[PDB]
>>> print(open('entry-v8.pdb').read())   # PDB, C-alpha atoms
ATOM      1  CA  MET A   1     -17.783  11.945 -15.332  1.00  0.00           C
ATOM      2  CA  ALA A   2     -14.347  13.597 -15.194  1.00  0.00           C
ATOM      3  CA  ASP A   3     -13.107  15.561 -12.134  1.00  0.00           C
ATOM      4  CA  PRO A   4      -9.798  16.029 -10.152  1.00  0.00           C
ATOM      5  CA  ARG A   5     -11.143  13.671  -7.574  1.00  0.00           C
ATOM      6  CA  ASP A   6     -11.423  10.975 -10.226  1.00  0.00           C
ATOM      7  CA  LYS A   7      -7.612  10.908 -10.597  1.00  0.00           C
ATOM      8  CA  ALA A   8      -7.288  10.802  -6.763  1.00  0.00           C
ATOM      9  CA  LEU A   9      -9.693   7.807  -6.840  1.00  0.00           C
ATOM     10  CA  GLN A  10      -7.460   6.015  -9.405  1.00  0.00           C
ATOM     11  CA  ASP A  11      -4.416   6.690  -7.250  1.00  0.00           C
ATOM     12  CA  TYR A  12      -6.175   5.094  -4.153  1.00  0.00           C
ATOM     13  CA  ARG A  13      -6.337   1.801  -6.016  1.00  0.00           C
ATOM     14  CA  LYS A  14      -2.589   1.549  -6.795  1.00  0.00           C
ATOM     15  CA  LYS A  15      -1.541   1.453  -3.023  1.00  0.00           C
ATOM     16  CA  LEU A  16      -3.738  -1.752  -2.753  1.00  0.00           C
ATOM     17  CA  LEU A  17      -1.811  -3.441  -5.463  1.00  0.00           C
ATOM     18  CA  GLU A  18       1.414  -2.421  -3.580  1.00  0.00           C
ATOM     19  CA  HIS A  19      -0.087  -3.831  -0.222  1.00  0.00           C
ATOM     20  CA  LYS A  20      -0.206  -7.223  -1.981  1.00  0.00           C
ATOM     21  CA  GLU A  21       3.047  -6.680  -3.749  1.00  0.00           C
ATOM     22  CA  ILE A  22       4.933  -6.111  -0.489  1.00  0.00           C
ATOM     23  CA  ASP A  23       3.468  -9.285   1.193  1.00  0.00           C
ATOM     24  CA  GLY A  24       4.810 -11.276  -1.809  1.00  0.00           C
ATOM     25  CA  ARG A  25       8.378  -9.748  -1.454  1.00  0.00           C
ATOM     26  CA  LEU A  26       8.288 -10.211   2.242  1.00  0.00           C
ATOM     27  CA  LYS A  27       7.473 -14.003   1.714  1.00  0.00           C
ATOM     28  CA  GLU A  28      10.712 -14.521  -0.313  1.00  0.00           C
ATOM     29  CA  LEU A  29      12.820 -12.886   2.332  1.00  0.00           C
ATOM     30  CA  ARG A  30      11.169 -15.183   4.823  1.00  0.00           C
ATOM     31  CA  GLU A  31      12.320 -18.304   2.808  1.00  0.00           C
ATOM     32  CA  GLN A  32      15.929 -17.203   2.801  1.00  0.00           C
ATOM     33  CA  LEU A  33      15.488 -16.222   6.579  1.00  0.00           C
ATOM     34  CA  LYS A  34      14.428 -19.814   7.340  1.00  0.00           C
ATOM     35  CA  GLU A  35      17.727 -21.058   5.791  1.00  0.00           C
ATOM     36  CA  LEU A  36      19.679 -18.975   8.351  1.00  0.00           C
ATOM     37  CA  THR A  37      17.412 -20.333  11.121  1.00  0.00           C
TER
ATOM     38  CA  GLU B   1     -10.166   2.752 -13.692  1.00  0.00           C
ATOM     39  CA  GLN B   2     -12.952   1.104 -11.691  1.00  0.00           C
ATOM     40  CA  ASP B   3     -12.529   3.606  -8.815  1.00  0.00           C
ATOM     41  CA  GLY B   4     -12.058   6.434 -11.396  1.00  0.00           C
ATOM     42  CA  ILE B   5     -15.881   6.271 -11.925  1.00  0.00           C
ATOM     43  CA  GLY B   6     -17.998   9.343 -11.233  1.00  0.00           C
ATOM     44  CA  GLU B   7     -20.526   7.331  -9.062  1.00  0.00           C
ATOM     45  CA  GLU B   8     -18.004   7.308  -6.261  1.00  0.00           C
ATOM     46  CA  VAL B   9     -17.541  11.146  -6.213  1.00  0.00           C
ATOM     47  CA  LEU B  10     -21.357  11.599  -5.773  1.00  0.00           C
ATOM     48  CA  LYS B  11     -21.773   8.633  -3.387  1.00  0.00           C
ATOM     49  CA  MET B  12     -19.124   9.633  -0.821  1.00  0.00           C
ATOM     50  CA  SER B  13     -19.342  12.773   1.258  1.00  0.00           C
ATOM     51  CA  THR B  14     -16.427  15.239   0.814  1.00  0.00           C
ATOM     52  CA  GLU B  15     -15.507  14.716   4.499  1.00  0.00           C
ATOM     53  CA  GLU B  16     -14.793  10.964   3.660  1.00  0.00           C
ATOM     54  CA  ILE B  17     -12.782  11.698   0.441  1.00  0.00           C
ATOM     55  CA  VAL B  18     -10.534  14.123   2.380  1.00  0.00           C
ATOM     56  CA  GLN B  19     -10.028  11.510   5.208  1.00  0.00           C
ATOM     57  CA  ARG B  20      -9.213   8.751   2.717  1.00  0.00           C
ATOM     58  CA  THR B  21      -6.478  10.765   1.051  1.00  0.00           C
ATOM     59  CA  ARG B  22      -4.662  11.619   4.282  1.00  0.00           C
ATOM     60  CA  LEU B  23      -4.585   7.982   5.721  1.00  0.00           C
ATOM     61  CA  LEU B  24      -3.167   6.304   2.576  1.00  0.00           C
ATOM     62  CA  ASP B  25      -0.318   8.814   2.227  1.00  0.00           C
ATOM     63  CA  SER B  26       0.985   7.629   5.638  1.00  0.00           C
ATOM     64  CA  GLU B  27       0.180   3.978   4.881  1.00  0.00           C
ATOM     65  CA  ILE B  28       2.373   3.531   1.844  1.00  0.00           C
ATOM     66  CA  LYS B  29       5.487   4.587   3.834  1.00  0.00           C
ATOM     67  CA  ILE B  30       5.047   1.708   6.246  1.00  0.00           C
ATOM     68  CA  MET B  31       4.483  -0.718   3.346  1.00  0.00           C
ATOM     69  CA  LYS B  32       7.867  -0.163   1.621  1.00  0.00           C
ATOM     70  CA  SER B  33       9.577  -0.092   5.018  1.00  0.00           C
ATOM     71  CA  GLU B  34       8.387  -3.685   5.968  1.00  0.00           C
ATOM     72  CA  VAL B  35      10.522  -5.006   3.106  1.00  0.00           C
ATOM     73  CA  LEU B  36      13.463  -2.788   4.263  1.00  0.00           C
ATOM     74  CA  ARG B  37      13.006  -3.834   8.072  1.00  0.00           C
ATOM     75  CA  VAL B  38      12.948  -7.598   7.249  1.00  0.00           C
ATOM     76  CA  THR B  39      15.935  -7.338   5.017  1.00  0.00           C
ATOM     77  CA  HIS B  40      17.742  -5.502   7.705  1.00  0.00           C
ATOM     78  CA  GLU B  41      16.768  -8.405  10.064  1.00  0.00           C
ATOM     79  CA  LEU B  42      18.188 -10.982   7.587  1.00  0.00           C
ATOM     80  CA  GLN B  43      21.598  -9.256   7.652  1.00  0.00           C
ATOM     81  CA  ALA B  44      21.223  -8.918  11.519  1.00  0.00           C
ATOM     82  CA  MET B  45      20.526 -12.706  11.741  1.00  0.00           C
ATOM     83  CA  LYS B  46      23.774 -13.637   9.868  1.00  0.00           C
ATOM     84  CA  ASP B  47      25.805 -11.792  12.622  1.00  0.00           C
TER
END
>>> encode(input="entry-v8.pdb", output="structure tokens")
Amino acid sequence: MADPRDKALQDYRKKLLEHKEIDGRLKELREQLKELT
Amino acid sequence: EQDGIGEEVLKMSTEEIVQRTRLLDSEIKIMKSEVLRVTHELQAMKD
């Protein structure tokens, strides 16, 4: 099918990839934070 | 995409689709911020 909700559905998925992405960036900061510790 | 499928439009009630949209909009804001908060904390830690 094709609908306006289909595009909204596609958009829901991209936040999940960001959720992961942010945990990865946060990890790196944590390694430099450990050096200051 | 996988989610872009029509089966999902049919499967979920309209009350759920509406709810889903509203929650994630708020969610993303917190997600970028966690990088910004920690970074702020790294600079705070050096002082």
>>> residues_around(input="entry-v8.pdb", residues="range 33-35 of chain A", least_positions_apart="5", cutoff="12 Å", atoms="all atoms listed in the file", output="PyMOL selection string")
(chain A and resi 26-28) or (chain B and resi 38-46)
>>> resolve_selection(input="entry-v8.pdb", expression="the ChimeraX specification (/B :<9) & /A", output="VMD selection string")
chain A and resid 1 to 3 5 to 13 15 18 to 19 22 to 23 25 to 26 29 to 30 32 to 33 36 to 37
>>> axis_aligned_box(input="entry-v8.pdb", around="range 2-17 of chain A", padding_each_side="4 Å", output="lines of an AutoDock Vina configuration file")
center_x = -7.9
center_y = 6.3
center_z = -9.0
size_x = 20.8
size_y = 27.5
size_z = 20.4
>>> atom_distance(input="entry-v8.pdb", atom1="CA of residue 14 in chain B", atom2="CA of residue 20 in chain A")
27.8 Å
>>> build_atoms(input="entry-v8.pdb", residues="range 18-37 of chain A", atoms="N, CA, C and O atoms", output="PDB file, in the coordinates of the input")
ATOM      1  N   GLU A  18       0.156  -2.446  -4.305  1.00  0.00           N
ATOM      2  CA  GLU A  18       1.414  -2.421  -3.580  1.00  0.00           C
ATOM      3  C   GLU A  18       1.337  -3.234  -2.263  1.00  0.00           C
ATOM      4  O   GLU A  18       2.341  -3.794  -1.854  1.00  0.00           O
ATOM      5  N   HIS A  19       0.160  -3.197  -1.511  1.00  0.00           N
ATOM      6  CA  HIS A  19      -0.087  -3.831  -0.222  1.00  0.00           C
ATOM      7  C   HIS A  19       0.147  -5.339  -0.399  1.00  0.00           C
ATOM      8  O   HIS A  19       0.866  -5.945   0.405  1.00  0.00           O
ATOM      9  N   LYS A  20      -0.374  -5.900  -1.536  1.00  0.00           N
ATOM     10  CA  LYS A  20      -0.206  -7.223  -1.981  1.00  0.00           C
ATOM     11  C   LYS A  20       1.198  -7.508  -2.372  1.00  0.00           C
ATOM     12  O   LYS A  20       1.721  -8.568  -2.155  1.00  0.00           O
ATOM     13  N   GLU A  21       1.761  -6.474  -3.112  1.00  0.00           N
ATOM     14  CA  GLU A  21       3.047  -6.680  -3.749  1.00  0.00           C
ATOM     15  C   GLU A  21       4.125  -6.927  -2.728  1.00  0.00           C
ATOM     16  O   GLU A  21       4.875  -7.901  -2.711  1.00  0.00           O
ATOM     17  N   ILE A  22       4.062  -6.100  -1.621  1.00  0.00           N
ATOM     18  CA  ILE A  22       4.933  -6.111  -0.489  1.00  0.00           C
ATOM     19  C   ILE A  22       4.829  -7.348   0.299  1.00  0.00           C
ATOM     20  O   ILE A  22       5.882  -7.880   0.591  1.00  0.00           O
ATOM     21  N   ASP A  23       3.674  -8.004   0.583  1.00  0.00           N
ATOM     22  CA  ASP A  23       3.468  -9.285   1.193  1.00  0.00           C
ATOM     23  C   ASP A  23       4.143 -10.397   0.394  1.00  0.00           C
ATOM     24  O   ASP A  23       4.788 -11.247   0.969  1.00  0.00           O
ATOM     25  N   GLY A  24       4.115 -10.341  -0.900  1.00  0.00           N
ATOM     26  CA  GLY A  24       4.810 -11.276  -1.809  1.00  0.00           C
ATOM     27  C   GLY A  24       6.336 -11.226  -1.696  1.00  0.00           C
ATOM     28  O   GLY A  24       6.937 -12.223  -1.668  1.00  0.00           O
ATOM     29  N   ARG A  25       6.942  -9.973  -1.608  1.00  0.00           N
ATOM     30  CA  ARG A  25       8.378  -9.748  -1.454  1.00  0.00           C
ATOM     31  C   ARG A  25       8.857 -10.120  -0.133  1.00  0.00           C
ATOM     32  O   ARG A  25       9.884 -10.764   0.057  1.00  0.00           O
ATOM     33  N   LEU A  26       8.044  -9.810   0.859  1.00  0.00           N
ATOM     34  CA  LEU A  26       8.288 -10.211   2.242  1.00  0.00           C
ATOM     35  C   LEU A  26       8.371 -11.759   2.463  1.00  0.00           C
ATOM     36  O   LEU A  26       9.199 -12.250   3.245  1.00  0.00           O
ATOM     37  N   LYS A  27       7.525 -12.556   1.726  1.00  0.00           N
ATOM     38  CA  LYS A  27       7.473 -14.003   1.714  1.00  0.00           C
ATOM     39  C   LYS A  27       8.816 -14.620   1.329  1.00  0.00           C
ATOM     40  O   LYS A  27       9.312 -15.585   1.894  1.00  0.00           O
ATOM     41  N   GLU A  28       9.460 -14.087   0.311  1.00  0.00           N
ATOM     42  CA  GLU A  28      10.712 -14.521  -0.313  1.00  0.00           C
ATOM     43  C   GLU A  28      11.817 -14.354   0.642  1.00  0.00           C
ATOM     44  O   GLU A  28      12.645 -15.248   0.833  1.00  0.00           O
ATOM     45  N   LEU A  29      11.847 -13.174   1.371  1.00  0.00           N
ATOM     46  CA  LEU A  29      12.820 -12.886   2.332  1.00  0.00           C
ATOM     47  C   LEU A  29      12.657 -13.881   3.412  1.00  0.00           C
ATOM     48  O   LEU A  29      13.677 -14.289   3.958  1.00  0.00           O
ATOM     49  N   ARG A  30      11.472 -14.246   3.766  1.00  0.00           N
ATOM     50  CA  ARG A  30      11.169 -15.183   4.823  1.00  0.00           C
ATOM     51  C   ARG A  30      11.774 -16.561   4.495  1.00  0.00           C
ATOM     52  O   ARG A  30      12.348 -17.137   5.391  1.00  0.00           O
ATOM     53  N   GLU A  31      11.702 -17.010   3.181  1.00  0.00           N
ATOM     54  CA  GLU A  31      12.320 -18.304   2.808  1.00  0.00           C
ATOM     55  C   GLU A  31      13.761 -18.364   2.947  1.00  0.00           C
ATOM     56  O   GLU A  31      14.326 -19.302   3.583  1.00  0.00           O
ATOM     57  N   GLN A  32      14.510 -17.269   2.565  1.00  0.00           N
ATOM     58  CA  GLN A  32      15.929 -17.203   2.801  1.00  0.00           C
ATOM     59  C   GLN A  32      16.176 -17.086   4.322  1.00  0.00           C
ATOM     60  O   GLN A  32      17.228 -17.512   4.761  1.00  0.00           O
ATOM     61  N   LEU A  33      15.298 -16.425   5.133  1.00  0.00           N
ATOM     62  CA  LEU A  33      15.488 -16.222   6.579  1.00  0.00           C
ATOM     63  C   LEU A  33      15.461 -17.514   7.339  1.00  0.00           C
ATOM     64  O   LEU A  33      16.294 -17.662   8.261  1.00  0.00           O
ATOM     65  N   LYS A  34      14.644 -18.443   6.893  1.00  0.00           N
ATOM     66  CA  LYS A  34      14.428 -19.814   7.340  1.00  0.00           C
ATOM     67  C   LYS A  34      15.659 -20.559   7.159  1.00  0.00           C
ATOM     68  O   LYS A  34      15.973 -21.352   8.019  1.00  0.00           O
ATOM     69  N   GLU A  35      16.456 -20.360   6.081  1.00  0.00           N
ATOM     70  CA  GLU A  35      17.727 -21.058   5.791  1.00  0.00           C
ATOM     71  C   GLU A  35      18.796 -20.753   6.849  1.00  0.00           C
ATOM     72  O   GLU A  35      19.512 -21.623   7.349  1.00  0.00           O
ATOM     73  N   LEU A  36      18.784 -19.420   7.241  1.00  0.00           N
ATOM     74  CA  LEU A  36      19.679 -18.975   8.351  1.00  0.00           C
ATOM     75  C   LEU A  36      19.325 -19.522   9.658  1.00  0.00           C
ATOM     76  O   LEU A  36      20.210 -19.617  10.530  1.00  0.00           O
ATOM     77  N   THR A  37      18.022 -19.791   9.904  1.00  0.00           N
ATOM     78  CA  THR A  37      17.412 -20.333  11.121  1.00  0.00           C
ATOM     79  C   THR A  37      17.947 -21.698  11.278  1.00  0.00           C
ATOM     80  O   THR A  37      18.260 -22.066  12.459  1.00  0.00           O
TER      81      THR A  37
END
